[PDB]
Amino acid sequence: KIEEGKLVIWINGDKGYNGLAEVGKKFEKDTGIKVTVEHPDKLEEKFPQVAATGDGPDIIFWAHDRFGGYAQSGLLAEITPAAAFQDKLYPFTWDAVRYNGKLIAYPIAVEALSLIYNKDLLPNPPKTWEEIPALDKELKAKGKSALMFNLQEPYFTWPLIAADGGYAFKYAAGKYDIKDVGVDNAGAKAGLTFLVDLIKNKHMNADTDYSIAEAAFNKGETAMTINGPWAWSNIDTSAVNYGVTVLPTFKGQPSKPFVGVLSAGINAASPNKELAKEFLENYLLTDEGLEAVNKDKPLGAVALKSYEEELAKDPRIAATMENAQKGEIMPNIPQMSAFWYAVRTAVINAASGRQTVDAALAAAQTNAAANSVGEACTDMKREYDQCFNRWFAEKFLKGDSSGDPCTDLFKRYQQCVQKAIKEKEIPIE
C-alpha cells in the first residue's frame, strides 16, 4: 500500500535526516516528484512490520547487517546499478550489501565507533581499558565521571567483548557457520565481566542510555564516551573541544567493534522503483548530496570514492578507519537479528546485576538461534511468542481464555512469515 509518484524515505533519527531532506528538495525542484524523509522510533523493528503488509517507505536506510534478513524475507528489490556506477564506489562496500551474489542495497558510508574524549579534562586519553577505574577515582575527586556510554544497545559494549575473544558467527571458508557462536567463549566472558565490575565499582551505571551519555559528555560532566561519526555534530556546537581516537585495549589486544556500512534499500512493495534508483544514484550518491547529509551529521567514511578523497583529510574519519580496521565488518546473514537480541538482553542483565555474566551469556548463546524462518520477522516472532507463553500459562490453561491469543502481534507476524515463505519458496498444506 505505497503511493505512486512520491518518494518516502526512512532513516534512523541519529542519522542526518534534515540533510537528506535537503537532497530531496533539490530532487523535487528538478523532477517535481515530492520526497518525504521520516525518522520513526525503533525503525529496525518498524520497517519489517510495515514492509510485511506491503506498506512502508520506498527507501529504507540502515546498517547493512540487517539487510540480508530484509531481503530474504521478500522485502527488498534487487538493485541494478550500471557497471559504470559501481566503479564510482568502493567494491569493499558493494560486498557488505551483496547476498547470494545479488546486490540488495546501495552502500552509503562506512561507520565504526571511536573513543571521544574531552581534551580539557583528559590531556592524553587512556590507551588501556584497565586504566579507567583508576582514572575515575581521580576524576570523581575533581567532580566528574571518567566515561559514560550507551549501555543499552549491545553495539557499544560489543567492542569490549570481542576484544579478548568473542564473535557472532565463526567465519569458515567464505561462509559463516550459524552453528558456531562466540558469545559464550572465554574472553567474551572476561570482556563482559570487566564491564559489570565497572558498574559495581560505581564507575559506570547500568541505566545510562544514548541520550543520558550524550548529554553528560556534551555538558562536560564526563571525560570520555564511545560513539560514531554521527554524534560529532552535537559535540561541535557544545563548547567542548574533543578528540576521536582508538578504543582502549583489553588484555593488550585491540577493542574490536563491528563495522556497518549504512546502506539504502528499495522496498519490494514499491511502484516507484525507478524514481528511487535515480534519486539514490543521481542525487544522493554524489559529492553534492553526500555533503548535504554529512554537513547535518557526519557519515563516517563515504563509499563514494570521489567524496571519500575530499573527506579523509578529516583526522576523525582517519580514527574511524583505524578502529574500523581494528575490528570486523558486520555479517549481513539473516541470523543477525537473532544474534542482536541474544546479546542485547545478555548485557543489561549482567549490568543490572540480576543475572551474572556466565548465566546471561550462556543464555545468549542459545537465544541467538531464536530465528524465524523469515528472519526479517525474528523480532515480531519474539514479541508474539513472549505474549503467548505469558497467556497460555496465565490465562488458557487456567481456563480463562476469552478467545484466540495475542491476535495483533500475531496478525503482522503471520504476514511477514507468509511473505518470507514465498520468497524462500517452501511448500505447505
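Start at 1 and count along the sequence shown; that's the residue number.
Which of the two stretches, 70-78 or 138-146, shows the higher mean Cα temperature factor in the record?
The recorded data point to 138-146.
Can you tell me whether 274-282 has a higher mean C-alpha B factor than 199-207 in this record, or the other way round?
Higher mean C-alpha B-factor: 199-207.
Can you tell me which of 223, 105, 336, 112 has the maximum CA B-factor listed in the PDB entry?
Top of the list by C-alpha B-factor: 223.
Would you mind checking which of 367, 36, 402, 372 has the top Cα temperature factor in the PDB entry?
The record points to 402.
Divide the modelled residues of the chain into thirds by Cα B-factor and specify which third, lowest, middle or highest, holds residue 1.
Its C-alpha B-factor, which the entry lists for residue 1, ranks in the highest third among residues of this chain.
Sorting the chain's modelled residues by C-alpha B-factor, tell me whether residue 419 ends up in the lowest, middle or highest third.
For residue 419, the deposited C-alpha B-factor lands in the highest third.
With respect to C-alpha B-factor, does residue 227 fall in the lowest, middle or highest third of the chain as deposited?
For residue 227, whose C-alpha B-factor we compare with every modelled residue in the chain, the answer is the lowest third.
So where's residue 385 on the chain's Cα temperature factor ranking, which third?
Bottom third by C-alpha B-factor.
Comparing residue 169 with the other modelled residues of its chain, is its CA B-factor in the lowest, middle or highest third?
Ranked within chain, residue 169 CA B lands in the middle tercile.
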